[PDB]
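Chemist: This is the structure, below, for whatever I ask next.
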Amino acid sequence: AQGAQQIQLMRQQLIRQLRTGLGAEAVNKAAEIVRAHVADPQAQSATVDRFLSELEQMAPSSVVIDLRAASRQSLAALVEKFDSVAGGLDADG
Amino acid sequence: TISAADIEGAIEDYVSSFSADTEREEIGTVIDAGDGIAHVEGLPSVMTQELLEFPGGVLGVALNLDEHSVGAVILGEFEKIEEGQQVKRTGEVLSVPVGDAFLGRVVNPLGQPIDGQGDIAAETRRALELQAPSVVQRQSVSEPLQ
Amino acid sequence: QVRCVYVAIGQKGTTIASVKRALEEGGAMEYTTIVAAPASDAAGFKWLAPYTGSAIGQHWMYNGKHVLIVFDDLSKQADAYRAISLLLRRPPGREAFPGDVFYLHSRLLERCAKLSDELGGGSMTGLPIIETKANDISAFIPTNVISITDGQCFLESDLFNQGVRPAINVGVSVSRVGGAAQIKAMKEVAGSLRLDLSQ
Amino acid sequence: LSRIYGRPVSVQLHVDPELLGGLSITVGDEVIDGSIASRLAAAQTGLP
Amino acid sequence: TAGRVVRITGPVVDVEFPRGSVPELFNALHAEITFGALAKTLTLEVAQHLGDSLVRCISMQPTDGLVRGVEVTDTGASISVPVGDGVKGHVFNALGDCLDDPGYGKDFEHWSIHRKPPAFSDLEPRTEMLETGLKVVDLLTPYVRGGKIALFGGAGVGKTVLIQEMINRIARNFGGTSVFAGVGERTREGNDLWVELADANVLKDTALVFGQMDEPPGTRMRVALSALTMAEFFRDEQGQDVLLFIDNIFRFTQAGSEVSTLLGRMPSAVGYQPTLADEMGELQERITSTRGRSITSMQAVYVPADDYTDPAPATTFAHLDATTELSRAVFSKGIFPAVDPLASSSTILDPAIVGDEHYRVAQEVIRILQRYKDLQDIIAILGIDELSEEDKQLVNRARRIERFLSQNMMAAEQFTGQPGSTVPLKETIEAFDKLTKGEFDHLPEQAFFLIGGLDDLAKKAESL
Amino acid sequence: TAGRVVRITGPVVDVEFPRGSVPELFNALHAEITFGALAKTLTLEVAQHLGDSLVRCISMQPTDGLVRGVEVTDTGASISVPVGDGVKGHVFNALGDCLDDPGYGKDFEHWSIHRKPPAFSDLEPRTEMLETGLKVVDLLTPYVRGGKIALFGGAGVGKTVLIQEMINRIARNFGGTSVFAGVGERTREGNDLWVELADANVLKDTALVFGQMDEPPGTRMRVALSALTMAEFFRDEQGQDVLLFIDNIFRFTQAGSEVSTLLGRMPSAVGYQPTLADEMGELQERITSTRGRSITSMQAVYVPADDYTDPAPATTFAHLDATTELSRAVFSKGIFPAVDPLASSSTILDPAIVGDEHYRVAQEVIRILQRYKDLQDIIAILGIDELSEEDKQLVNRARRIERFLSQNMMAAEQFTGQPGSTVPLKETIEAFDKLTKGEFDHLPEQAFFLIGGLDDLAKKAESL
Amino acid sequence: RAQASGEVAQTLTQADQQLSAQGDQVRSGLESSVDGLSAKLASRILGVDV
Ligand SMILES: Nc1ncnc2c1ncn2[C@@H]1O[C@H](COP(=O)(O)OP(=O)(O)OP(=O)(O)O)[C@@H](O)[C@H]1O
Ligand SMILES: Nc1ncnc2c1ncn2[C@@H]1O[C@H](COP(=O)(O)OP(=O)(O)OP(=O)(O)O)[C@@H](O)[C@H]1O
Ligand SMILES: [Mg+2]
Ligand SMILES: [Mg+2]
């Protein structure tokens with residue numbers, strides 16, 4: 001039974017060789033097809049159009065809120081005072 | 001033989017099934033690291049003891065949370081980390097797969113066999129931290145263990 | 001049917017290989033598994049392995065199957081946790097151990113129990129292993145581990161050299177569960193033997 | 001961008017020759033990317 | 001109005017509040033945690049003010065699955081637990097939720113956990129001779145009603161068996177109400193105790209509460225306080241004798257040490273948290289019998305590594321008057337009671353209120369034991385042959401006394417098949433006088449071990 | 001890509017870099033000293049990042065004479081050393097530059113000293129027993145091929161003598177490529193070993209490289225890795241069994257502690273590194289025998305202040321299979337092979353692998369020695385008069401055997417001026433069985449000092 | 001038992017060339033439709049037909 005276990009182990013070695021060959025061919029052919037075929041100038045515009053359509057069709061999302069507490073309150077008060085005080089600001093004033 | 005042909009057919013089925021999709025998620029930056037630990041800036045939707053990913057394929061766990069920094073520990077290889085990387089939250093508490101196929105095999109703590117052959121058919125994955133049974137759910141002990 | 005899970009932490013791979021070889025010669029590998037965290041790895045695996053083993057056990061526990069758990073060592077986990085905490089700039093404690101370490105051990109050892117008949121007849125047992133230096137008990141780690149266990153066995157090298165191969169000291173070893181676990185014939189045949197040996 | 005986010009959105013464009021195409025946008029913590037290199041890396045990393 | 005969370009680490013959590021929103025010390029705070037698999041309701045209590053409306057506190061639950069930015073709400077009150085007559089025959093946690101029925105106990109009136117110590121002007125010592133059936137406690141250290149008696153010893157000495165036998169023997173002959181609280185203990189022990197009390201009809205007459213070790217240390221700070229609150233509610237109002245039993249007190253001292261270490265406070269020399277004696281005194285005073293009400297408190301104290309130089313056992317002794325401790329050497333000898341007579345002492349043993357017969361009984365046995373300890377190593381190494389005639393006869397007498405002190409207990413039935421036995425006081429006095437005057441020097445060594453009574457001794461003598 | 005030095009203290013130096021490019025971890029950097037008398041270049045190693053494009057680094061050379069603003073260049077690679085077939089027969093430094101013939105090399109292959117331990121499926125247990133002329137070694141703890149050998153001991157108890165004796169035995173009986181390294185040695189020992197190897201006419205096939213006392217700690221941390229790298233190169237490519245020797249590994253660990261103190265990391269117990277287990281584990285697991293490659297190692301380890309509780313040997317205990325120990329008391333007794341039999345241990349010893357007679361004789365010898373050690377306390381004060389003859393016989397037997405464990409190795413040729421001897425294992429076991437039988441008890445004690453075999457035993461005994 | 005181990009080793013030394021015999025034709029026929037796999041991969045990676 002252990003010999004059958006090593007038999008499955010060599011089957012796994014064949015699987016490993018299969019994985020290596022498949023990975024090599026996949027990376028090589030994908031890289032060449034994307035650096036040679038789709039490198040046409042119109043392909044950039046086509047990809048941009050598809051990306052715009054994809055960003056259009058997606059569902060809307062929620063976004064908010066666009067450093068100490070006392071410092072923040074003081075900055076807000078100063079900003080309010082500036083806004084209430086700069087009414088008579090001149091071009092050179 | 002035909003077994004290798006079927007393996008290639010399954011590989012092509014994976015090829016005829018790959019469809020990457022854009023999704024919405026937040027990122028972060030590694031301020032500093034060393035000695036197997038690292039710090040992350042921003043990323044405000046993190047969770048205590050939540051898993052996060054790294055560019056090189058390694059995984060990290062958030063231990064403590066400062067108001068403007070996140071300290072994390074690197075699990076596996078840590079010599080491929082430098083300042084300026086990109087991190088991604090998984091939005092899920094750390095979990096381990098479980099199945100009956102695990103019998104008779106040796107695995108790393110994460111759950112990937114290192115010495116065995118093939119893979120594991122795991123039906124479910126469960127969270128690592130849970131709650132112990134209560135007193136009302138227990139019973140006395142009488143059977144022997146020779 | 002009893003399913004057992006063996007956990008090894010921070011050991012030379014050759015030792016695990018030898019144990020696996022002896023067990024294979026035994027031929028029990030149809031119903032067991034091993035979780036390996038060699039010492040060459042990082043602190044995370046050493047810190048996390050017992051939790052993974054516990055979860056694997058719990059999954060069969062809920063199903064009603066009897067499960068047995070063995071921990072190779074426990075001080076290595078404490079050492080790894082101490083190193084992590086010291087790295088993360090946390091304040092130290094009594095000889096540089098973090099305070100909460102005891103709590104951790106509780107969360108690891110409270111899971112083992114026996115379920116009620118409503119949820120099934122499953123059972124779970126654990127045999128943690130602790131290493132000590134110069135048969136010293138004053139170090140607080142053995143004291144902490146002792147207080148959360150139902151019984152322990154002491155082993156000394158002097159008895160080993162005397163000739164007693166098991167080398168277990170009956171003067172100190174004790175079990176709180178008593179003879180209710182062992183068979184009735186054993187109880188009738190043998191009783192107060194530990195006393196007689198003590199006198 | 002004005003449809004997905006009610007607030008108006010400014011544009012700051014950066015030319016990236018490394019990418020084989022696509023487009024990437026970042027409005028802050030979130031990010032969206034369509035890139036040939038990223039997609040092929042994702043495809044090859046999951047081959048086994 | 002509400003605040004936010006800024007820093008998360010371990011159990012300690014600090015939060016921020018707006019102007020005119022800071023609550024006082026020790027207020028319950030609710031935090032909401034949401035997840036697909038872990039949904040809970042974190043309950044926290046205020047610990048300290050850090051200024052600028054930043055307050056640090058601890059949590060009653062593990063902090064797994066938390067996220068920053070979550071609001072925290074305030075109830076403006078301290079911890080409270082329901083009480084009443086219907087609480088009897090039910091199991092509760094630290095927060096007071098009924099474990100047996102999830103919805104039970106949500107209508108009774110509630111009282112604050114924190115209280116105030118009773119006035120000194122209403123204090124009077126209590127003297128009474130309450131007697132049990134066991135020889136060692138009857139002769140060595142008699143108990144007193146309304147006072148404090150504590151147990152001592154290291155790991156695995158068998159004190160739990162002793163407390164179980166004590167409660168079994170006393171609760172039957174008692175008409176009052178008993179409350180049991182477990183600060184730290186294994187689930188198996190509590191479940192077995194619950195089953196045993198269910199096996200009898202006395203379970204309805206008592207109340208139960210306990211907390212396990214797997215919980216965070218925060219839950220191990222208030223279980224004793226909840227038990228004391230229930231006890232005072234019963235005593236002050238019902239005006240009835242009550243029983244308060246404590247498994248241990250070392251565990252909450254430990255959890256306090258760790259929580260103080262996490263709080264960032266400078267530790268002391270031994271590593272214990274500072275002002276631990278203040279907490280000791282605050283906790284111990286709550287158990288007090290006034291002029292009109294009587295309450296009895298049972299507790300056992302675990303010592304670390306059986307070291308008595310540790311300041312914690314020393315400071316916990318100061319609140320005690322009648323004490324009984326245990327040793328490991330006598331246990332290793334073979335004796336199960338394992339009570340050391342040389343160091344054990346009481347506060348009511350005196351010829352003033354008790355007959356001097358007991359007095360010279362105790363003096364004879366104690367001097368015999370002291371000189372036996374003096375000559376132990378000599379008989380071990382030099383040999384019995386060199387001792388004088390008086391010393392040889394005294395050593396034989398001391399061996400007789402040491403062998404006779406052991407006695408079986410019914411709580412050992414599950415461990416040993418021999419049933420236990422009980423003996424009254426006057427017969428024990430007469431038997432000890434007979435032994436210590438030197439008439440039973442002809443019995444064999446084994447004839448004095450594990451003896452029920454004098455007639456049992458005669459029967460076993462006739463058995464050999 | 002130009003760097004600038006901003007802050008220096010001790011051997012540790014900081015550097016800043018342009019935001020565009022920052023070197024990856026484990027990369028060498030080149031510097032210079034502009035001083036005339038102290039003109040020298042420095043090689044720096046990346047340690048960690050501190051943000052703001054800052055990098056911490058450690059100097060490979062003494063850091064005196066450095067001034068701020070000096071340009072720093074990067075080569076974008078780790079430290080590499082030369083490898084080739086013609087390396088053996090030469091002495092090397094830490095950086096790999098040849099010493100006897102300066103400028104030699106620089107045309108062989110170059111490999112980095114940082115790699116990964118082998119996978120799990122390529123390891124295999126080994127049980128081949130290896131014999132030696134010494135009797136105490138193969139009697140108690142036989143050595144196993146392809147495992148690890150440990151020689152524990154204190155200070156100045158002749159570890160180096162044993163090391164050179166063993167290397168003499170192995171070189172004379174067997175050939176094969178060999179690599180020697182070492183840290184924390186004195187130059188006089190280096191000269192002595194070089195001269196002895198030149199005399200032996202075997203130094204041509206032995207690779208030599210070692211540091212000394214007076215070097216920066218970085219070299220004391222990198223020399224071991226470099227030696228292991230070249231050994232691995234010999235093991236992998238050539239497909240040949242390799243002999244390896246290293247000396248005083250403990251100093252290595254010590255070095256790390258020092259540099260940790262300079263980095264600012266939090267100290268640990270007894271002032272050691274916050275992390276030490278991982279580096280020891282990765283250094284130990286790097287030595288591993290493959291199915292087609294058998295590698296035998298032997299490491300000498302130091303013990304500080306004659307204490308065995310320190311973590312330095314405590315962690316090493318877990319990575320060893322065959323271990324022998326030395327003691328101060330046994331050396332003070334007079335016998336030079338001061339090897340404790342009661343403390344030494346091995347894992348190859350088993351009746352399934354070793355003959356039954358060997359196992360039985362070893363067990364009996366251990367039992368006798370343990371009994372004598374047990375009675376040593378009592379005999380220390382009274383003596384032999386009170387002791388019975390039934391133990392006097394075993395006392396005499398134990399004294400005779402423990403005196404017979406002494407031996408006269410060749411290594412003392414320059415101290416006592418007498419040739420050594422070797423003994424086959426069969427003669428050893430038969431002689432020890434005869435001695436345990438008690439046939440030799442009539443012979444005088446002083447005849448068993450420094451004797452080789454039983455024939456010499458008889459000749460010496462009859463000569464007096 | 002040694003004889004059984006030897007015959008098991010003989011079976012192993014038969015299988016250790018059996019797998020190579022099968023793998024010869026395996027590698028001969030691996031690239032039968034490799035171009036089709038690459039075309040499908042390109043179609044999926046680009047989102048449109050090649
Ligand atoms: N009278 C007795 N006869 C037989 N065994 C006894 C007797 N009294 C106690 N024991 C034994 O002592 C143990 C009881 O443990 P127990 O819980 O009482 O100890 P403890 O001192 O409270 O220690 P810990 O808190 O460490 O568990 C059991 O092993 C039980 O068999
Ligand atoms: N068999 C022996 N014959 C003669 N002298 C011996 C023998 N064994 C030990 N010695 C003596 O013991 C001492 C050992 O010196 P050596 O330099 O070898 O010590 P070491 O313990 O290896 O060194 P270190 O201080 O580095 O640990 C010397 O004085 C040596 O003469
Ligand atoms: Mg007890
Ligand atoms: Mg030396």
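By order of appearance in the structure tokens: chains A, B, ..., then residues from 1 within every chain, and ligands from 1 in the order shown.
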Would you pick out the contacts of residue 35 (chain B) at 9 Å or less, using only C-alpha atoms, so that residues sharing its chain but fewer than 5 positions from it are not included, and give the list as a list in words?
Modeler: residues 78 of chain B; 87 of chain C; 48 and 275 of chain F
Chemist: Could you list, as an MDAnalysis selection string, the residues of chain F having an atom within 8 Å of chain C when counting only C-alpha atoms?
Modeler: chainID F and resid 120 123:125 265:269 274:275 277:279 281:282 285 309 318:319 366:367 370:371
Chemist: Export, as a CSV table (one decimal), in the first residue's frame, the selected residues with N, CA, C and O atoms.
Modeler:
```csv
chain,number,residue,atom,x,y,z
F,120,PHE,N,10.9,19.8,4.0
F,120,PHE,CA,10.6,18.7,4.9
F,120,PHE,C,10.8,17.3,4.3
F,120,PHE,O,11.2,16.4,4.9
F,123,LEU,N,14.6,15.3,4.3
F,123,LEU,CA,15.3,14.8,5.4
F,123,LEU,C,14.9,13.4,5.7
F,123,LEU,O,13.9,12.8,5.3
F,124,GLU,N,15.8,12.7,6.5
F,124,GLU,CA,15.7,11.3,6.8
F,124,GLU,C,16.5,10.9,8.0
F,124,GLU,O,17.6,11.4,8.3
F,125,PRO,N,15.9,10.1,8.9
F,125,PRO,CA,16.6,9.7,10.1
F,125,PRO,C,17.8,8.8,9.9
F,125,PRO,O,17.9,8.0,8.9
F,265,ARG,N,16.5,48.1,21.6
F,265,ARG,CA,15.4,47.2,21.8
F,265,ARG,C,15.2,46.9,23.3
F,265,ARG,O,16.1,47.1,24.1
F,266,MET,N,14.0,46.6,23.7
F,266,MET,CA,13.6,46.3,25.1
F,266,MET,C,14.4,45.1,25.6
F,266,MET,O,14.5,44.1,24.9
F,267,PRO,N,15.1,45.2,26.7
F,267,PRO,CA,15.8,44.0,27.3
F,267,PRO,C,14.9,43.0,27.8
F,267,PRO,O,13.7,43.2,28.0
F,268,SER,N,15.4,41.8,27.9
F,268,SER,CA,14.7,40.6,28.4
F,268,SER,C,15.3,40.1,29.7
F,268,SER,O,16.1,40.8,30.3
F,269,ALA,N,14.9,38.9,30.1
F,269,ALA,CA,15.4,38.4,31.4
F,269,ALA,C,16.9,38.2,31.3
F,269,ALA,O,17.4,37.7,30.4
F,274,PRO,N,15.8,40.4,23.2
F,274,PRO,CA,14.3,40.1,23.2
F,274,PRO,C,14.0,38.9,22.4
F,274,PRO,O,13.0,38.2,22.8
F,275,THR,N,14.7,38.6,21.3
F,275,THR,CA,14.5,37.4,20.6
F,275,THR,C,15.9,36.7,20.4
F,275,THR,O,16.9,37.3,20.0
F,277,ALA,N,15.6,32.7,20.3
F,277,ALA,CA,15.3,31.3,19.9
F,277,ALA,C,15.3,31.2,18.4
F,277,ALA,O,15.9,30.2,17.9
F,278,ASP,N,14.8,32.1,17.6
F,278,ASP,CA,14.7,32.0,16.2
F,278,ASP,C,16.1,31.9,15.5
F,278,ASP,O,16.3,31.1,14.6
F,279,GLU,N,17.0,32.7,15.9
F,279,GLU,CA,18.3,32.7,15.3
F,279,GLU,C,19.1,31.4,15.6
F,279,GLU,O,19.7,30.8,14.7
F,281,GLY,N,17.6,28.5,16.2
F,281,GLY,CA,16.9,27.5,15.5
F,281,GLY,C,17.3,27.5,14.0
F,281,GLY,O,17.5,26.4,13.4
F,282,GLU,N,17.3,28.7,13.4
F,282,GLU,CA,17.7,28.7,12.0
F,282,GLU,C,19.2,28.4,11.8
F,282,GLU,O,19.5,27.8,10.7
F,285,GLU,N,19.2,24.4,12.2
F,285,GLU,CA,18.5,23.6,11.2
F,285,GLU,C,19.2,23.7,9.8
F,285,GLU,O,19.0,22.9,8.9
F,309,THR,N,21.7,26.9,34.6
F,309,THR,CA,20.3,27.4,34.5
F,309,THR,C,20.2,28.5,33.4
F,309,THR,O,19.1,28.9,33.0
F,318,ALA,N,17.9,21.6,23.3
F,318,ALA,CA,16.8,21.0,22.5
F,318,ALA,C,17.2,20.7,21.0
F,318,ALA,O,16.4,20.1,20.3
F,319,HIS,N,18.5,21.0,20.6
F,319,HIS,CA,18.9,20.8,19.3
F,319,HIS,C,20.0,19.7,19.2
F,319,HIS,O,20.8,19.8,18.2
F,366,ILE,N,25.6,2.2,35.5
F,366,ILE,CA,24.9,3.4,35.9
F,366,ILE,C,24.3,3.2,37.3
F,366,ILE,O,24.3,4.1,38.1
F,367,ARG,N,23.7,2.0,37.5
F,367,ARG,CA,23.0,1.8,38.8
F,367,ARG,C,24.1,1.9,39.9
F,367,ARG,O,23.8,2.5,41.0
F,370,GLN,N,25.2,5.5,40.5
F,370,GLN,CA,24.1,6.2,41.1
F,370,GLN,C,24.0,5.9,42.6
F,370,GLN,O,23.8,6.8,43.5
F,371,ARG,N,24.1,4.6,43.0
F,371,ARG,CA,24.1,4.2,44.4
F,371,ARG,C,25.2,4.8,45.2
F,371,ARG,O,25.0,5.3,46.3
```
Chemist: Collect all residues with atoms no farther than 7 Å from ligand 1, counting only C-alpha atoms and all ligand atoms, and output them as a PyMOL selection string.
Modeler: (chain C and resi 147+150+174-178) or (chain E and resi 153-162+336-337+408-409+411-412+415-416)
Chemist: Considering only C-alpha atoms, return as a VMD selection string whatever protein or nucleic-acid residues lie within 10 Å of residue 48 (chain B), sequence-local ones (same chain, fewer than 6 positions apart) excluded.
Modeler: (chain B and resid 61 to 65 93) or (chain E and resid 8 to 10 63 to 68)
Chemist: Just write the chosen residues, C-alpha atoms, as a short mmCIF file (atom, residue, chain, number, x, y, z; two decimals), in the first residue's frame.
Modeler:
```
data_model
loop_
_atom_site.label_atom_id
_atom_site.label_comp_id
_atom_site.auth_asym_id
_atom_site.auth_seq_id
_atom_site.Cartn_x
_atom_site.Cartn_y
_atom_site.Cartn_z
CA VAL B 61 -2.70 40.08 11.91
CA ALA B 62 -3.59 43.35 13.65
CA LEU B 63 -2.79 43.08 17.36
CA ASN B 64 -3.10 46.58 18.85
CA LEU B 65 -4.68 49.77 17.53
CA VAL B 93 -11.73 37.47 11.41
CA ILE E 8 -7.85 49.94 21.73
CA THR E 9 -5.47 47.42 23.28
CA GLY E 10 -6.13 44.33 25.37
CA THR E 63 -12.66 42.83 23.06
CA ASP E 64 -12.55 40.67 19.92
CA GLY E 65 -14.13 42.13 16.81
CA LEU E 66 -14.03 45.80 17.80
CA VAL E 67 -13.65 48.73 15.41
CA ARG E 68 -12.74 52.35 16.10
#
```
Chemist: Could you please select, counting only C-alpha atoms, the residues of chain B within 7 Å of chain F and state them as a list in words?
Modeler: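 Residues passing the distance filter: residues 31, 32, 33, 34, 79, 82 and 115 of chain B.
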Chemist: Within 8 Å of residue 226 (chain F), counting only C-alpha atoms, which residues show up once you throw out same-chain ones fewer than 4 positions away? Write them as a VMD selection string, please.
Modeler: chain F and resid 81 94 113 222 230
Chemist: Just to be explicit: take each residue in the selection above, keep N, CA and C atoms, and write the result as an mmCIF file, in the first residue's frame.
Modeler:
```cif
data_model
loop_
_atom_site.group_PDB
_atom_site.id
_atom_site.type_symbol
_atom_site.label_atom_id
_atom_site.label_comp_id
_atom_site.auth_asym_id
_atom_site.auth_seq_id
_atom_site.Cartn_x
_atom_site.Cartn_y
_atom_site.Cartn_z
ATOM 1 N N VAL F 81 30.783 35.313 -0.851
ATOM 2 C CA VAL F 81 32.113 34.756 -0.626
ATOM 3 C C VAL F 81 32.494 33.873 -1.808
ATOM 4 N N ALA F 94 37.313 37.118 7.571
ATOM 5 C CA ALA F 94 35.860 37.229 7.628
ATOM 6 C C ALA F 94 35.275 37.612 6.274
ATOM 7 N N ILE F 113 25.515 34.456 1.510
ATOM 8 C CA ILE F 113 25.538 33.706 2.759
ATOM 9 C C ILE F 113 24.177 33.685 3.442
ATOM 10 N N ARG F 222 29.110 37.021 11.609
ATOM 11 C CA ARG F 222 29.020 36.601 10.214
ATOM 12 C C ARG F 222 29.973 35.471 9.832
ATOM 13 N N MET F 230 30.279 27.888 2.840
ATOM 14 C CA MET F 230 31.251 27.136 2.047
ATOM 15 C C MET F 230 31.106 25.632 2.279
#
```
Chemist: Which value, in Å to one decimal, gives the distance between CA of residue 221 (chain F) and CA of residue 252 (chain F)?
Modeler: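 Computed distance, CA of residue 221 (chain F) to CA of residue 252 (chain F), equals 5.8 Å.
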Chemist: Using only C-alpha atoms, which residues sit within 9 Å of residue 111 (chain B) once same-chain residues fewer than 6 positions away are excluded, as an MDAnalysis selection string?
Modeler: (chainID B and resid 96:98) or (chainID C and resid 52)
Chemist: Could you find all residues in chain D that DSSP calls alpha helix (DSSP H) from the backbone, and write them as an NGL selection string?
Modeler: :D and (36-45)
Chemist: Between CA of residue 166 (chain E) and CA of residue 151 (chain E), what is the distance, to one decimal in Å?
Modeler: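 Interatomic distance, CA of residue 166 (chain E) to CA of residue 151 (chain E): 12.2 Å.
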Chemist: Residues of chain B within 7 Å of chain G, using only C-alpha atoms, as a list in words?
Modeler: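 The selection requested is residues 1, 4, 12, 15, 16, 18 and 19 of chain B.
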Chemist: Okay, now the selection with N, CA and C atoms, as a tab-separated table (two decimals), in the first residue's frame?
Modeler:
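Contents of part.tsv, as written:
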```
chain	number	residue	atom	x	y	z
B	1	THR	N	-1.58	10.13	-19.76
B	1	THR	CA	-2.64	9.50	-20.53
B	1	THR	C	-3.90	10.35	-20.52
B	4	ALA	N	-3.93	12.85	-17.54
B	4	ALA	CA	-3.30	14.13	-17.82
B	4	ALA	C	-4.16	14.99	-18.74
B	12	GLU	N	-7.89	24.21	-18.23
B	12	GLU	CA	-8.59	25.07	-19.19
B	12	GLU	C	-9.93	25.55	-18.64
B	15	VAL	N	-9.16	28.30	-16.77
B	15	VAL	CA	-8.89	29.39	-17.71
B	15	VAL	C	-10.20	29.97	-18.23
B	16	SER	N	-11.14	29.11	-18.60
B	16	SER	CA	-12.45	29.54	-19.08
B	16	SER	C	-13.37	29.97	-17.95
B	18	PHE	N	-11.83	32.17	-15.23
B	18	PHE	CA	-11.24	33.33	-14.57
B	18	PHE	C	-11.95	34.61	-15.01
B	19	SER	N	-12.40	35.39	-14.03
B	19	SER	CA	-13.04	36.68	-14.31
B	19	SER	C	-12.75	37.60	-13.13
```
Chemist: Could you check the closest approach to residue 190 (chain C) for each of E:444, E:117, E:417, E:190 and tell me which residue wins, using only C-alpha atoms?
Modeler: E:417
Chemist: CA of residue 89 (chain B) and CA of residue 16 (chain E), how far apart in Å?
Modeler: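 These two atoms are separated by 26.5 Å.
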Chemist: Using only C-alpha atoms, determine which residues of chain C fall within 12 Å of chain A; present them as a PyMOL selection string.
Modeler: chain C and resi 24-25+27+29
Chemist: With a cut-off of 12 Å, could you pull out the residues of chain F touching chain E and give me the nearest pair of atoms for each, distance in Å to one decimal, using only C-alpha atoms, ordered by chain and ascending number, as JSON lines?
Modeler:
```
{"residue": "F:378", "atom": "CA", "partner": "E:381", "partner_atom": "CA", "distance": 9.5}
{"residue": "F:382", "atom": "CA", "partner": "E:382", "partner_atom": "CA", "distance": 11.2}
{"residue": "F:386", "atom": "CA", "partner": "E:382", "partner_atom": "CA", "distance": 10.7}
```
Chemist: So that I can see what lies close to residue 13 (chain G), please list as an NGL selection string the residues with an atom at most 12 Å from it, counting only C-alpha atoms and leaving out residues fewer than 6 positions away in the same chain.
Modeler: (:A and (3 or 6-7)) or (:G and (6-7 or 19-20))
Chemist: Name the residues of region 12-171 of chain F that come out as strand (DSSP E or B) in a backbone DSSP run; write them as a count of residues only.
Modeler: 47
Chemist: Determine which residues of chain C sit within 9 Å of chain B, taking into account only C-alpha atoms, and present them as a ChimeraX atom specification.
Modeler: /C:28-37,41-46,48-56,59-60,84,87-88,107,110-119,177,180-183
